[PDB]
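K.L.:
There's a structure below that I have some questions on.
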Amino acid sequence: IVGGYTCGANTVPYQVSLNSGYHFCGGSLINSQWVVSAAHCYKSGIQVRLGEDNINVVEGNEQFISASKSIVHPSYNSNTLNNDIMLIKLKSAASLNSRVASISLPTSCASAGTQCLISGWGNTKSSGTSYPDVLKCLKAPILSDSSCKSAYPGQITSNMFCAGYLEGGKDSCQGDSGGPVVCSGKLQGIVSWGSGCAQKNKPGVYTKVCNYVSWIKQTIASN
Ligand SMILES: NC(=[NH2+])c1cc2nc(-c3cccc(-c4ccccc4)c3[O-])[nH]c2cc1Cl
Ligand SMILES: [Ca+2]
Numbered sequence: 007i008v009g010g011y012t013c014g015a016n017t018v019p020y021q022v023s024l025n026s027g028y029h030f031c032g033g034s035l036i037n038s039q040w041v042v043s044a045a046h047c048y049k050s051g052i053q054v055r056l057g058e059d060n061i062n063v064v065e066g067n068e069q070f071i072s073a074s075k076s077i078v079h080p081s082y083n084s085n086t087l088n089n090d091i092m093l094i095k096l097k098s099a100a101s102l103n104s105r106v107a108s109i110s111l112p113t114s115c116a117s118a119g120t121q122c123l124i125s126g127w128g129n130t131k132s133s134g135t136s137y138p139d140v141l142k143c144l145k146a147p148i149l150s151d152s153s154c155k156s157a158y159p160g161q162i163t164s165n166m167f168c169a170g171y172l173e174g175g176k177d178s179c180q181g182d183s184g185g186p187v188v189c190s191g192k193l194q195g196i197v198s199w200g201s202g203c204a205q206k207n208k209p210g211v212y213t214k215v216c217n218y219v220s221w222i223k224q225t226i227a228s229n
């Protein structure tokens, strides 16, 4: 997260860290046995780390569970990153409490101007790598479809939305991919892609979760 602030240990109880010996992506806990992340964060050998704050020190509240299966959306296109969503079932259910809790899925999509909370352990520099140990937060608005399309012409599908600051300086970045974009208490986006980080006129692009709600529910139901 570039230009964000420290969230405070456990103030974002649905945030998860995807680990394969190091932190590589974020995710969102939607129920005690399922997490939603981005399809491009897929890989085998994933350990989900819940109740985390400082990813390099065990401090208490952490729960490490291995993933049972990972279900990448069947129409995921790695070239366009359209349908960039993936579900991970956990080997055992997590114990939910105030420090580890799920986030709700939306009932409607959000509109431009809605303010959302984006968090993660991603890079905090737009030029060079500087990953933090603790969870960072950024409040950002959903932009209008026209501003999104003017910024990424020919690259935005109806399953994506832009959120951020066209002036640059504040944005999500590498390490943040797969994590949550929560607006009014509902999971509306998944950190997907962007051109660099916190660059002027190049906002973050997120998977539009409201278009996958029926799929998430059907898929969890049949697995
Ligand atoms: N808001 C942005 N401008 C942005 C920048 C990103 N940069 C990345 C990114 C860059 C290199 C590698 C990965 C990556 C993905 C999966 C596993 C490991 C690295 C990234 O997510 N994701 C990004 C996601 C966003 Cl939304
Ligand atoms: Ca820790």
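Note that mature numbering (1 follows the signal peptide of the UniProt record, and there is no 0) has the sequence shown beginning at 7, numbered continuously upward.
All C-beta atoms, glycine included, are put in the ideal place defined by N, C-alpha and C.
#1: Just curious, the beta strand (DSSP E) that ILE77 is in, first and last residue?
#2: Between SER84 and the rest of its own chain, which residues show a CB-CB distance below 6 Å, the 5 nearest in sequence each way excluded?
#3: Can you tell me which of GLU173, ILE61, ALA116 and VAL106 puts its alpha carbon nearest to the alpha carbon of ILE36?
#4: Does the pairing of the segment 169-179 with the segment 41-50 give three or more beta-carbon distances under 8 Å?
#5: Compare the C-alpha of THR213 against each of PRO80, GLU65 and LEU87 and name the closest.
#6: Quick check on DSSP: helix, strand or coil for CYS47?
#7: For ligand 1, any of its heavy atoms closer than 8 Å to the Cβ of residue 3?
#8: Return helix, strand or coil for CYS154, following the three-state DSSP convention.
#9: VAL63: buried (16+ other C-beta within 10 angstroms of its C-beta) or exposed?
#10: Once DSSP output is grouped into helix, strand and coil, what is the label at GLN205?
P.N.:
In brief:
#1: 69-78
#2: none
#3: Ranking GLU173, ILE61, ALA116 and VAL106 by CA distance to the CA of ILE36 puts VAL106 first.
#4: no
#5: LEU87
#6: helix
#7: Coverage of the chain is limited to positions 7 through 229, which leaves residue 3 absent and any answer about it impossible.
#8: Residue state, collapsed to three classes: helix.
#9: exposed
#10: coil
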